[PDB]
Amino acid sequence: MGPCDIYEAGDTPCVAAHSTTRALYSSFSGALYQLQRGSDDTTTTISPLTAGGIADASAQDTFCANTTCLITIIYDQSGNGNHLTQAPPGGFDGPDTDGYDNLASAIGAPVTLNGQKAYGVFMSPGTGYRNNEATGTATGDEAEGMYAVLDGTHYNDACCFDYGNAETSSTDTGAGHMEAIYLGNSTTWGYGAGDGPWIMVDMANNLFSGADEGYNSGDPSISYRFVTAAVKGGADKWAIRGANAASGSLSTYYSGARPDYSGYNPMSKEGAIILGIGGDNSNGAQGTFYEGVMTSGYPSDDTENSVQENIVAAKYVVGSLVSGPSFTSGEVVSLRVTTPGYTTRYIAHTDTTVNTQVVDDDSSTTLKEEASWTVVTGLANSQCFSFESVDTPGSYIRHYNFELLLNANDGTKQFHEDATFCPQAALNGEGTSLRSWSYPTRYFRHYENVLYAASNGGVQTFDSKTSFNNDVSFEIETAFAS
Ligand SMILES: *[C@@H]1O[C@H](CO)[C@@H](O[C@@H]2O[C@H](CO)[C@@H](O)[C@H](O)[C@H]2NC(C)=O)[C@H](O)[C@H]1NC(C)=O
Ligand SMILES: OC[C@@H]1O[C@@H](OC[C@@H]2O[C@@H](O)[C@H](O)[C@H]2O)[C@H](O)[C@H]1O
Ligand SMILES: OC[C@@H]1O[C@@H](OC[C@@H]2O[C@@H](O)[C@H](O)[C@H]2O)[C@H](O)[C@H]1O
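Rules of the game
Residues numbered from 1 in each chain as written, not as in the entry; some residues may be left out. Chains lettered and ligands numbered in written order. Heavy atoms only, no water. Pairing = 2+ DSSP bridges. Helix = DSSP H or I, 4+ residues; strand = E, 2+ residues; numbered from the N terminus. Axes fitted to C-alpha atoms, helices over the stretch in contact; angles between N-to-C directions. Core = buried A, V, L, I, M, F, W, Y, C linked by side-chain atoms within 4.5 Å. Buried < 20%, exposed > 50% of the residue type's maximum accessible area, 1.4 Å probe, protein only. Domains from an automatic or database assignment. Contact = heavy atoms within 4.5 Å. Buried area = accessible area lost by both parts, 1.4 Å probe.

Going by the header, the method for this PDB entry is X-ray crystallography, and the resolution given is 2.80 Å.

Written out as structure tokens, the structure reads:
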């Protein structure tokens, strides 16, 4: 039995079921999600290896070979057709074309379910999926239950990383017009004990960590690499239950009556489905979606313990983020451009500007240093790396407004995440392709001799698809700074 089988057995069936990693029903064998490579814009679907099995990753790898990929659709295994597509603009606009949010990369969250490779949905700020016209999802004050397996170590405080019930107009229509899971350390509304993140319930104009608006000590900081967030709501009653999806039971952080404030009882849920964003399209949050569902009816604590147990069984385990050459901490390297007509330039810098210059043995000591980088363990992820200036120690290469700059490490989380880059076998085949970690859709890329955290096609002029593969492939060579 898969999650939704258990939910069916409990008389609280799924009305929406999403996951890019595995089937949620034992008998499901259809398409899980859809891909689309930047090479030719053509698509393809990835399904389970076998009925109710894990996703056929190799197929995604085959399809995305020597190019970039995005997840265009996360199908609803339930049959209701509540697939999740690119989120539209609402109370806020997305960073993508005409106000849309960004589709996520297909390789930003590689994992293995019981030894089998699969891909999660790594969402950077500005990314979001939605379905404003679902079927079967609770509305009005109707009871419902939901859950999700997220990455307890990927998130922020910006509004809002959700997965649940939202408004069908993509606008904030007031309190009680939402019921979605939330995971982050935002404190603009509710919040819990510790530094976070916290599993909270977005009920519109308020993320709730418990009964009282604002602070609630009953909701603890939950930060496992694989978190199971279970949330349910009914007639003047709801609850927050969390657990290490990798192992163990669900714990109850909240159980009781609706927060005692106008508009929260009875509820006024509209029935749309959102992911990685807020009900009015707030898109400043980040997270990782592995699998999750919504249901009709208030699930019994028992029913949920079964789902959790099944999850633990799925055996989630972080997957390799690196491919290609790769480096070793403490290694001093020099990165050479492979694009035809620029093959004698190296990634260097002029103060905080990271660019490409012509460096050779006649070059000054200063430039050989500005063109030499010390590779240290990824500031935000030990699997990957961060690049430190040889000439300017204490500073690393980080993206800002998507421009590679040379700033000093200020010890913060932001800096850490903006300075982490993961090695991938060069798209053109020559060397490595340095993929951002916090923005898996972006790679080190030179555009008119200046470095950017560019995507294969986008809203920035430097996101150009023209010469992309070459502009993101670099050869690792001996550091000029010896
Ligand atoms: C959410 O958690 C992060 C990480 O602990 C907090 O970030 C720090 O941010 C402040 C405000 O900029 C800096 O003084 C600290 O130096 C940062 N520390 C780290 C470790 O990054 C963030 O403030 C938290 N958000 C809220 C709303 O409380
Ligand atoms: O690389 C992208 C990103 O740029 C920096 O933030 C800019 C910030 O984001 C919006 O709220 C506003 O446009 C601006 O204040 C981050 O350092 C980096 O991750
Ligand atoms: O970074 C070097 C180079 O810049 C970008 O293209 C520049 C383009 O080429 C000629 O047609 C003109 O000089 C200019 O519009 C590429 O992305 C990159 O390889």
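Now that the structure is up, let's keep going.
Caption draft 1: Region of the structure containing the sheet that holds strand β6 (residues 110-113). Spatial ordering of the open sheet is given by β7-β6-β20, a layout of three strands whose pairing is antiparallel. Strand pairing shows two members of the sheet lacking a second neighbour, β7 (116-119) and β20 (316-318), which therefore form its edges. Recorded for the sheet is a direction-independent mean angle of 40 degrees between the axes of neighbouring strands. The pairing of β6 with β20 spans three bridges and is antiparallel. Pairing of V111 across the sheet is with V318, part of β20.

Caption draft 2: Just the nonpolar core, in detail. If you look at the biggest cluster of nonpolar residues, it comprises 91 residues, and the most contacted ones within it are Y129, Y147 and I199. The element that contributes the greatest number of residues to this core is strand β10 (residues 144-150), accounting for five residues. Here this core spans two domains, and each of domain 1 (1-320) and domain 2 (321-482) adds at least three residues to it.

Caption draft 3: Focus on the domain arrangement of the protein chain. Under the domain assignment, the protein chain is made up of domain 1 (1-320) and domain 2 (321-482). Each of domain 1 and domain 2 was reduced to a C-alpha centroid, and the two centroids are 33 Å apart. Listed per partner, the contact involves 26 residues of domain 1 and 19 residues of domain 2. The junction of domain 1 with domain 2 conceals about 1600 Å² of combined surface from both sides, 50% of it contributed by carbon and sulfur atoms.

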